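1. next input, structure requested:
(chains A and B, ligands or ions: 8)
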2 protein chains.
Amino acid sequence: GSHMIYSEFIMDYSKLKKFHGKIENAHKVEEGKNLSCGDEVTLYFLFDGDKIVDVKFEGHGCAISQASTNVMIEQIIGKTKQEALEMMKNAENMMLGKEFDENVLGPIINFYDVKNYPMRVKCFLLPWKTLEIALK
Amino acid sequence: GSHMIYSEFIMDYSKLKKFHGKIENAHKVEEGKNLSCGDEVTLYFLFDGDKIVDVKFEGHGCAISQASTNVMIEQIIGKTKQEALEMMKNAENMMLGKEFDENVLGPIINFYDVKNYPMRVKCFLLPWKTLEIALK
Ligand code: NI
Ligand code: NI
Ligand code: NI
Ligand code: NI
Ligand code: NI
Ligand code: NI
Ligand SMILES: [Zn+2]
Ligand SMILES: [Zn+2]
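-> Numbering: from 1, shown residues only, chains lettered A, B, ... in the order given. Ligands and ions are numbered 1, 2, ... in the order given. Dropping the coordinates below:
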């Protein structure tokens, strides 16, 4: 009745635990919060030059923010920081109704419907904006 | 295809914030885990003799474990330890195929369908089993 946003894809990725945790002696730690809804995420990174070698997250939030965090990590590991930022910008364009590169986003496109729920847009965007700040 | 278990009731209650937190100088603190899923809950209690005056939880988990925790807290605050244990016994009976008292459960009946998913039964039961240990 008002929970339609929660697709099978979102609920699967929300419960994924493989990227949840801390990285000891991380090269970068970045905390983000979407206090409108009450979500928090802490991203931990290892880099090798400009390559993202590993990412884990701590904290917890709604199923949209957690699903988004997990699909984000799964897609940015092994990429360069520039590539992850290009992906981020496209993820944000997708929510703002602007134009985006489907090939760049891959399975991130499964969050397309979130843009129909303007408060949950912040939930989807939290890990990505957190990533943006961290990588600059 | 698998998100059917996630009703509006469950999704609304999984996001509830008013019971999430610690109680300083709690009269009882009990931790519980459902490792097959990755769910954690720490329950904090204040009592006045046999009456449950306040309950909060920390930790996080799936939508079913978090929804169940919040519905439990909402229903047990202001009851006696024994009323809470009787609710708990009924909730577990529901999950197994056994007989239960609908008037004792109230909105806890909204989880009836979970019993068709043996793995998720543990998610539902996590707060209740943790409560049982805490109170006895
Ligand atoms: Ni709904
Ligand atoms: Ni955790
Ligand atoms: Ni920073
Ligand atoms: Ni489904
Ligand atoms: Ni919390
Ligand atoms: Ni104990
Ligand atoms: Zn959220
Ligand atoms: Zn669970």
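2. chain A: strands as residue ranges?
-> Ranges of strands in chain A, per DSSP state E, are A:28-34, A:39-48, A:51-58.
3. so the first one versus strand A:51-58, what angle?
-> Meaning strand A:28-34. 50 degrees (axes from the mean of the first three to the mean of the last three Cα atoms, to 10 degrees).
4. in strand A:28-34, what's buried?
-> A:30, A:32, A:34 (16 or more other Cβ atoms under 10 Å in any protein chain shown). (Each C-beta comes from the backbone N, C-alpha and C, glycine too.)
5. do that strand and ligand 7 meet?
-> No - under the criterion of Cβ under 5 Å from the ion, strand A:28-34 makes no contact with ligand 7; the nearest approach is 5.7 Å.
6. what's the closest of the strands of chain A to residue B:93?
-> Residue B:93 lies closest, by Cβ to Cβ, to one member of these: strand A:39-48, at 35.5 Å.
7. what comes up buried for that closest one?
-> So for strand A:39-48, counting by 16+ other Cβ under 10 Å, buried means A:39, A:40, A:41, A:42, A:43, A:44, A:45, A:46, A:47.
8. hang on, the second one packs against residue A:61?
-> Yes - contact between residue A:40 and residue A:61 holds when scored by Cβ atoms under 8 Å: they sit 6.1 Å apart.
9. mind listing what the closest residue to ligand 4 within chain A touches?
-> Checking chain A residue by residue against ligand 4 with Cβ to the ion singles out residue A:8 as nearest, at 4.0 Å. Contact analysis of residue A:8 by Cβ atoms under 8 Å, 6 or more residues apart in numbering or on different chains lists B:1, B:2, B:3.
10. the helices in chain A, which residues?
-> For chain A, helices defined by DSSP state H occupy the ranges A:8-15, A:63-76, A:81-95, A:102-105, A:121-134.
11. surely residue A:134 and residue A:30 touch.
-> Yes - counting by Cβ under 8 Å, residue A:134 touches residue A:30, with 3.6 Å between them.
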